[PDB]
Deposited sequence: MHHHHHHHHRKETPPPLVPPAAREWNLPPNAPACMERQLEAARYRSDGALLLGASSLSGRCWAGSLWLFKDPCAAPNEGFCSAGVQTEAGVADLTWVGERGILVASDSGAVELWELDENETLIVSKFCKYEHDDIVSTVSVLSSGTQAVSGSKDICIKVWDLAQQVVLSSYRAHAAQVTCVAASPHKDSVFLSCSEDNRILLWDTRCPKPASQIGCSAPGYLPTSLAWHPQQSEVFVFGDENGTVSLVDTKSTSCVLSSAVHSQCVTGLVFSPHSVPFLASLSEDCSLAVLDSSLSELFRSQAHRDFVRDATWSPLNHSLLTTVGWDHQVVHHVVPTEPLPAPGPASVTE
């Protein structure tokens, strides 16, 4: 398997999805399922795997057998599991962006998704027809992250290196709305509250925004933010300082993990055990954390 692990996503039953890519050496490509999460990242004891043409910048589940991939090739790929879940086959590969597709997120309906890319463009996809519904050029720099609304099918967030955080609503004639520092880097909706979301910046600051509370959590760029599936959610923050932090309702630090020796790229909570949290990094480490 490739060295640099990029994404880790648990599904319903507890299977772990891994997205990796080789960011050095001769060949620059990536790879894509572990029904035994403790067996990761060993390649010999996996359920399925496949090699794509280029690297994986971001991915996300599509239901229970679909994998939506953001590729370095500028294409959005959707991979699907067979009925036996032993093979990972490509469904379509649409080269619609002109640069690296850096972020992807599935809307609420599960039939539409949004992709951002370094071509400063944001596109809305229809996973059924394999076509691009709308193409928006609202930012003036690389689109860093897009995050669909958890419960509104036409609403999603986006941030770019133009220091803009845009709230979207494709039901309006002008769908983008700018939300009022340092460049934002990761976006995460609140799972239980509608008009509440969090974001981290390149300076290691996580902030709480309503439609403002902030705390200096990390010493480097905040790479991702994932809420816990509890009733009152925890906030897991991973950054380029190679540390993992778990925050509460008031953004206070409850847990801190420095197990990783390189950048921590993703984090996923276990659906079976709500206290277990799995993180991956560019050190090829899959660490399972027991959050108190």
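In sequence order, the gaps in C-alpha coverage of the deposited chain fall at 1 to 34, 67, 216 to 219, 251 to 255, 337 to 350.
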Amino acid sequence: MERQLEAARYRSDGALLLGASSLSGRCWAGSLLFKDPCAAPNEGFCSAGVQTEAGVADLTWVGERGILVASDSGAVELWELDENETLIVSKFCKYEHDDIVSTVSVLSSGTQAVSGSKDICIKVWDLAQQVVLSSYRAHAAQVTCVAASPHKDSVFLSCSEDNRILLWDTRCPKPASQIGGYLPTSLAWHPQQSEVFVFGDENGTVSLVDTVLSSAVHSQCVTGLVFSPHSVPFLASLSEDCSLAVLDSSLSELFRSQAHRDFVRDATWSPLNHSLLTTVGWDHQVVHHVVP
From here on, numbers count along this sequence of modelled residues.
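For the pair 33 to 41 and 253 to 261, the mean Cα B-factor is higher in 33 to 41.
Per-stretch averaging of Cα B factors for 51 to 59 and 227 to 235 places 227 to 235 on top. When the Cα B-factors of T103, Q220, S194, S73 are read from the PDB record, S194 comes out highest. Note on the listed residues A138, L187, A141, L213: the highest Cα temperature factor in the record is that of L213.
Residue-level temperature factors show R171 in the highest third of its chain, judged at the C-alpha atom. Among all modelled residues in this chain, the alpha-carbon of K91 has a temperature factor (C-alpha) in the highest third. Compared with the other modelled residues of the chain, the Cα B-factor recorded for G116 ranks in the lowest third. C159: CA B factor lies in the lowest third for its chain, per the PDB record. Compared with the other modelled residues of the chain, the Cα B-factor recorded for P150 ranks in the middle third.
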